[PDB]
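The chain below stands alone and is given in structure tokens; this is the form solved without this ligand.
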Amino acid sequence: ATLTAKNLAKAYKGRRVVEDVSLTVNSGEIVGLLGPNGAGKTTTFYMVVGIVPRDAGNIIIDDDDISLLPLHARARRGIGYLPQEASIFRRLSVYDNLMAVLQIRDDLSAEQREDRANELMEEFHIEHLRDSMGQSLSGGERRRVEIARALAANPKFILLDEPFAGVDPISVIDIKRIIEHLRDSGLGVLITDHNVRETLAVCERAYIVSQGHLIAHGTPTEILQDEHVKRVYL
């Protein structure tokens, strides 16, 4: 499957924070959208997911333009999303967090939803935290639960908005491996970060954004040697 954004634009009070942004992510690859804080990464994700109105542009899955589809319909079509900010239910256990999201799985019986929660806990290395309250978890643990929550909806594409934010250096290793596993499983992964080198290493290719504009695309080695990229990190 293919998810494409074309000519996305968004302004706040006239300030153009995303301008003429186009990108593609296909099943089975990890694609980066990388650039400094404020570059427009989250805003771009918002327009793809359906969280904020776009000022311009199109969202396309395969042959179908889904620009007019509400958030819930785009999700059904395969768009999954991990917010940058905390999204876990802090008062609820890991298990209850997962079961809450799994209630949207009308294709599964109640027992099958329970089965899926157990599978997800094992896959994300959080099954030992089944009954732990979200509030009690470390940043890294919470992030694993949040990614599991995103996956519970069975998406084709997963937009990870800074999955390493608030995660200790140690926990980052496992999350990277989980993300690599997602790609291996056939998910299309679009991942944001301000730490270019760290996240680039796990990308097959990446777009670099600066002040609302795409300035470069390529493999990690191409990006690290691109003068247009160097030019904004002087």
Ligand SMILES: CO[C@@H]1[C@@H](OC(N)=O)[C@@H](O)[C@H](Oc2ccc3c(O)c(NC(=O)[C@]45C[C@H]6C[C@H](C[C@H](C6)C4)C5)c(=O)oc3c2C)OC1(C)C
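In case it trips you up, residue 1 is the first one in the sequence shown, and so on. Residues that one form lacks are left out of the comparison. Between two forms, the rigid core is defined as the largest C-alpha subset superposing within 1.5 Å.
Trainee: Look over 98-106 and 153-161 in the entry and identify the one with the greater average Cα temperature factor.
Mentor: In the deposited entry, the stretch with the higher C-alpha B-factor mean is 153-161.
Trainee: Taking only the CA atoms, which stretch has the higher mean B-factor in the record, 46-54 or 164-172?
Mentor: According to the PDB entry, the answer is 164-172.
Trainee: Hey, out of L34, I66, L190, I179, whose CA B-factor is highest in the deposited coordinates?
Mentor: Spelled out: the listed residue with the top C-alpha B-factor is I66.
Trainee: Between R76, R91, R144, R130, which one tops the list for C-alpha B-factor in the PDB entry?
Mentor: If I rank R76, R91, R144, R130 by C-alpha B-factor, first place goes to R76.
Trainee: Name the third of the chain's ranked CA B-factors that contains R205, choosing lowest, middle or highest.
Mentor: Answer is middle: the recorded C-alpha B-factor places it there.
Trainee: Could you say whether, by C-alpha temperature factor, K41 belongs to the lowest, middle or highest third of its chain?
Mentor: Answer is lowest: the recorded C-alpha B-factor places it there.
Although not depicted, the form solved in complex with this ligand is the subject of the following passage.
Trainee: Give a yes/no on whether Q112 approaches this ligand to within 4.5 Å in the bound PDB entry, heavy atoms considered.
Mentor: Although this ligand is absent here, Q112 would stay clear of it in the bound PDB entry, with no heavy atoms inside 4.5 Å.
Trainee: Report whether the minimum heavy atom distance between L108 and this ligand in the bound PDB entry is within 4.5 Å.
Mentor: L108 lies outside the contact set for this ligand.
Trainee: Does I223 show a Cα shift reaching 2 Å between this form and the one not shown after rigid-core superposition?
Mentor: Yes: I223 shifts by at least 2 Å between this form and the one not shown.
Trainee: For a shift of 2 angstroms or more at every C-alpha, which runs of three or more consecutive residues qualify between this form and the one not shown, with the core superposed?
Mentor: Moving regions between this form and the one not shown: 218-226, 228-234.
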